[PDB]
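What follows is a pair of forms of the same protein chain, given separately as structure tokens and numbered structure 1 and structure 2.
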Structure 1
């Protein structure tokens, strides 16, 4: 079976894009939620950014449970690398994450250096990281804008093999800006997989500009990706990172083994919503308030709908099932009829509709008021 690690980047990619970034105590609460959700690793921040972020990464490193990878992001730069290692040093399993651009556009118009020079910068920074962290420590290299490395794709293969030769244990392939379609990205992941083989773990990091981040991450698993970077509530740059809940559930539904505590999803998402001030849309997959409604057919059974029209049960993600029938809720004519059928009581069309009005007259004269089966049986 495939081993699939869920790597959370809410505290870095998510936090950086927030209108009001989190205080240390809010970060600690989010961290604890990630631990209890049982993600496989946590990126705690970008410690070289400022003193506060640095401190927070130190606190979170020491708080982390034993055996849990703790990543921190750094640019391909010696001083930043050193600062980053200083911040996560005390974690049981620290993981150094270094990023550098690899797309044709980036190399041509942003960095403005030759491809052989990019390879030097990659080798030097990874090699330097290895020299300060020592032999056992995981090093992750991300090629920024990998998703847009269309015209220079072959170069990309050399960049990643260079990073691996210099000491990278994980190759992270970001769809930094979502521009095309899942299978364009996935074909690129597969080709990297084909040259990387078992020399390094392939990790995927996708953004949601065209609403296909989940599908992109999910499909990447099936060409050899073993780590997926995600965020709680789809937080992150612009439209966000790959949504943790959607990806987790999708993979579970396809028969994959994940360590995630799925029953923590809804209470986690609810609290993240409070901490960000961003409401959960009522039609959001998994956690949306209204997604378990089957109200079509009120226009002319519930057990059949719940059976045939649900991917998973609401309790699976830690929600209570609302969807129940009522005697006073409009269409409760069907409910009363079915009840009377069960007890073997014969009543015509007029009597059913008459009983429905009688039930509402007792309901709307009681505070909130619900009509029990026994008393509705008694009303005949």
Structure 2
């Protein structure tokens, strides 16, 4: 039986990509939505960025429920690591999260340093972090641009093993920019797991540039990833982080056990939509207005039975697909109702009652016609 932790990064990766970043009270509202959704951990921010974010991280750390991992992000240097720890140490379960780049391009063309120097930086930063937080505290290390570490993939194994030996309990593998295809990333995850084994938790953090973040994250589980970093409503850099709802529902549909309160999905998404001013597209998976419609029939319980993965109510929505007597499906519905009661009426009579249904609907507006009165109208 697989353990899969859903790690939310909305307050960090999501907030920082926002056209209109959140105030402290909005961040607190979002934090509370995350707690009620029962995610397995929450990254509250990047406290080194500025004094406001520092304050927010501290407030959220103290608000955090007991036993709920509270993470904050730091770059790989002693002073910033110390500041980060100061931000979160008051949380019941603080988690230190350190990032450093590991891709060939980053090392050769951005950092312009050797691989040996990279390993030294990784080891020194994680070791230092462990020196200030003590033994009981989870440390996560992210290899930035891991998804692009193609030419230096072997190095990447060394980097993560180094991080673990220095004290990292979680190795986070980001697909910082989505460039290829899920199984390219997933094969890399598999090879990392092959050398990490039980020495650390493998986490993944995928972005959605080619519309394949959910798939990449989901398939990573089946090669050994036990944590997925996600965001509400697919917020985050560019096209966004891995969508929390799609990932949670997909894993559930595949038989996995998650702590997520699935029925909080829709009320959460609606509120996040309001807080960001980003409407929920009507065809958006899980939460889209129109995704439970089965309309194709109009052109010619069975639809609900053979063509639905999960019910509206499962994600906290009301089922709005109610048989009506006032539309393109209106006419045939009256036929079926009359059939049920054993009332025989000609095709012209049905066409008649059809018009009466749309009539007494406009009067006392709109469209709320009962079977009982429709039976009374015919006979």
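Residue numbers count along the first chain shown, from 1. Note that the rigid core is defined as the largest set of C-alphas that superpose within 1.5 Å between two forms.
Using a rigid core fit, what is the CA shift at residue 75 between structure 1 and structure 2, in angstrom? C-alpha shift for residue 75: 0.1 Å.
Once the rigid core is matched, what's the CA displacement of residue 370 between structure 1 and structure 2 in angstrom? A shift of 2.4 Å at the C-alpha.
On a rigid core superposition, how far has the CA of residue 349 moved between structure 1 and structure 2, in Å, if you could check? Looking at the C-alpha of residue 349 between structure 1 and structure 2, the offset is 1.1 Å.
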